[PDB]
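Here's the structure we're looking at; comments come further down.
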Amino acid sequence: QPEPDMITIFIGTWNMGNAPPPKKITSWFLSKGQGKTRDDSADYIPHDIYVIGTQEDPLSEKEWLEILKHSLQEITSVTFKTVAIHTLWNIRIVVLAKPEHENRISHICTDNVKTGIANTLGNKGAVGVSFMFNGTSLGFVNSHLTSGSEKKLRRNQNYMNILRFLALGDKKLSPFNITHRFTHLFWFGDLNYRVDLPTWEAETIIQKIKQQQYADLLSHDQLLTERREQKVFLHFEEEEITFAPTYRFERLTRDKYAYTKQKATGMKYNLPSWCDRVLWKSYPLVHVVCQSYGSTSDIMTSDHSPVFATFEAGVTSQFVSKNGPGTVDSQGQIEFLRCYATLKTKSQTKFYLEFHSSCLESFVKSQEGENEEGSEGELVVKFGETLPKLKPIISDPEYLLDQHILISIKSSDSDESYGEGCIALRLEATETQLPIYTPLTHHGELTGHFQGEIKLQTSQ
Ligand SMILES: N#Cc1ccc(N2CCNCC2)c(F)c1
Ligand SMILES: N#Cc1ccc(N2CCNCC2)c(F)c1
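Spelled out as structure tokens, the structure:
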């Protein structure tokens, strides 16, 4: 039984509009409809992992699990194992995996975040799942963000609360939020960003959709434009959208968008919009390739169409040598030269670094850096040649070049992280000084940069 170096992952997001699904939803799991669709020749090939996010889901977990498993069994003739299911209000995440993966999957975590306060607390937020797949950490966030064309800022706030407070993955990674805890992080849901065009242009928008001419609409998609201005989802990717807006349809057809203001909408227009989205963030130089991104055309119980995305994702094996795990491997070391952090902070305190990696027995604290002023006002924290020599548990290059070092820069005064980032050990050379770089974030906002040189010694 060889361990895989690649898996495929299905991501689905559907706002079910508080209606039961139709009897057949197989088109969703087959990535068939509009957009970047999956080749017919793959229909019987199961994905390794299926992650299903619903919003406005009226079903019990039991009712939905039965529909999902029976759907996949009809497609694949495989009885999928339930990895996890977590529901907050009517927001749900289900993770299913091929039975051969049962022993490869461990450290399963679930959590939820409720967004807003009083008025704004009661139905929006996120659910999430994480786990290990052999040596690879996977996270999944299904969020239902604030609705309404005039609330993009609220949505961006919801995003930041979710990434700050969703507690998934390795708790030992205490300085790091979910945007740094996983080899691969998929974030999807009814993110509720709208096409921000005048109300009077509704029929023009519909015309453009019927012509499959999305360019003039996507140029006003609030998620793309907010991402472009680094207001939200910084360092996440999204595949090009080549499918029609997935909201707001008349139910039981896909022929009609229902956009006009109604008492039932709070007298808000719902111009056709790409509310339903899949984004990802993977550690640097890990294989991740989107192989489908689209919407179904034949599932019409909701005022949203289901969205699918599929990915090839690189994975690593659970490595054992004569030495680590359970000791260091003296044949391995990670050295840092000419390193400095550049920080946006207006504060003057001393800083130190923490290095966190599953290639280390535990995290490593550096000495304090030396603060200097940058030529354009910035705080520069010089580590020069002072950073420690890191001692990985395994020196085999087939292991070590697949690893990553998370970096937090912390205040000596408060022990609070001012910035977090990640460095790949997938180097062009070993025993060679090579440039390294990561942006630093805190609460998912850019706070600085870390750069320098690395010298990696493996047993080869
Ligand atoms: N596919 C799969 C799969 C793998 C592991 C678990 N479990 C749950 C919590 N207890 C121990 C581990 C599971 F439910 C499903
Ligand atoms: N409209 C738009 C838009 C275009 C580009 C980006 N970026 C740059 C490339 N890398 C990250 C994504 C973006 F966020 C939004």
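When we follow the authors' numbering, the leftmost residue of the sequence shown carries the number 397, and every step to the right adds one.
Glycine is no exception: its CB is placed at the ideal position from the N, C-alpha and C atoms.
Check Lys664 in the structure and name its three-state DSSP category. coil
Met412: which of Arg434, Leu797, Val537 and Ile421 sits nearest, CA to CA? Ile421
How long is the line joining the alpha carbons of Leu648 and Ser698, rounded to whole angstroms? 8 Å
Since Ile789 and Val724 should fall inside the 8 Å C-beta cutoff, what is the C-beta to C-beta distance between them, to a whole number of angstroms? 6 Å
Is the beta carbon of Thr706 less than 7 Å from the beta carbon of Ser678? no
Quick one: what's got a C-beta closer than 7 Å to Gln618's C-beta in the same chain, skipping five residues either side? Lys548, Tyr589, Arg590 and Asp592
According to the neighbour-count rule (16 or more other Cβ atoms, all chains shown, within 10 Å of its Cβ), is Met663 buried or exposed? exposed
Indicate the three-state DSSP secondary structure (helix, strand or coil) for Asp436 in the structure shown. helix
Pocket of ligand 2 (residues with CB nearer than 6 Å to any heavy atom), chain order: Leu620, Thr621, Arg623 and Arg624
Rounding to the nearest angstrom, what Cα-Cα distance links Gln856 and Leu613 in this structure? 53 Å
Using CA atoms only, rank isn't needed, just tell me which of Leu775, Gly728, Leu783 and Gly773 is closest to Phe751. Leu783
Tell me the DSSP bridge mates of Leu620? Paired residue(s): none; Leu620 is not in a bridge.
Exposure label - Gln603; buried when at least 16 CB within 10 Å: exposed
Give the secondary structure of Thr532 by DSSP, where H, G and I count as helix, E and B as strand, and everything else as coil. strand
Any chance the CB of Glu498 is under 6 Å from a heavy atom of ligand 1? yes
Residue from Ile558, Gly710, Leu569 and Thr600 whose Cα sits closest to the Cα of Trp583: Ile558
What is the DSSP secondary structure of residue 348, counted as helix, strand or coil? Shown here, the chain extends from 397 to 856; a query on residue 348 therefore has no answer.
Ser423 to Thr692 span [Cα, whole Å]: 6 Å
Tell me whether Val777 is buried or exposed, calling it buried when 16 or more other Cβ atoms sit within 10 Å of its Cβ. buried
Kindly indicate the opening and closing residues of the alpha helix (DSSP H) around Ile789. Unbroken run through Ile789: none, as it is neither H nor E.
Specify, as a first and last residue, the run of the beta strand (DSSP E) that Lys761 falls within. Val760 to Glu764
Is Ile463 a contact residue of ligand 1, with contact defined as CB to any heavy atom under 6 Å? no
Cβ-heavy atom distance, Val474 to ligand 1, below 6 Å: no
Does the count of Cβ pairs from the stretch 791-806 and the stretch 817-828 closer than 8 Å reach three? yes
Can you tell me which residues form a DSSP beta bridge with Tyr689? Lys432 and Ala705
Taking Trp410 as part of the beta strand (DSSP E), name the residues at either end of that continuous run. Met402 to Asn411
From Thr506 to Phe536, what does the alpha carbon distance come to, in whole angstroms? 9 Å
C-alpha gap between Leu492 and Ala480, whole angstroms: 7 Å
Give, in chain order, every unbroken run of the beta strand (DSSP E) that is at least 3 residues long and sits entirely within the stretch 460-528. 477-484, 487-493 and 501-510
Out of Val684, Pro668, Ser669 and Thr472, point me to the one whose CA is closest to residue 349's CA. Residue 349 is absent from the structure shown; the chain starts at 397 and stops at 856.
Could you check whether the stretch 464-474 touches the stretch 558-567, counting it as contact only if at least three pairs of C-beta atoms, one from each stretch, sit closer than 8 Å? no
How many Å lie between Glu774 and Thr828 at the Cα? 30 Å
How about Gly431 and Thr638: are their beta carbons less than 7 Å apart? yes
Would you say the beta carbon of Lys458 is closer than 6 Å to some non-hydrogen atom of ligand 1? no
So, at 6 Å on beta carbons, what are the nonlocal neighbours of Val447 in its own chain, with the 5 sequence-adjacent residues on each side left out? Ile407, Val491 and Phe536
Going by the DSSP bridge assignment, what does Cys818 pair with across the sheet? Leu802
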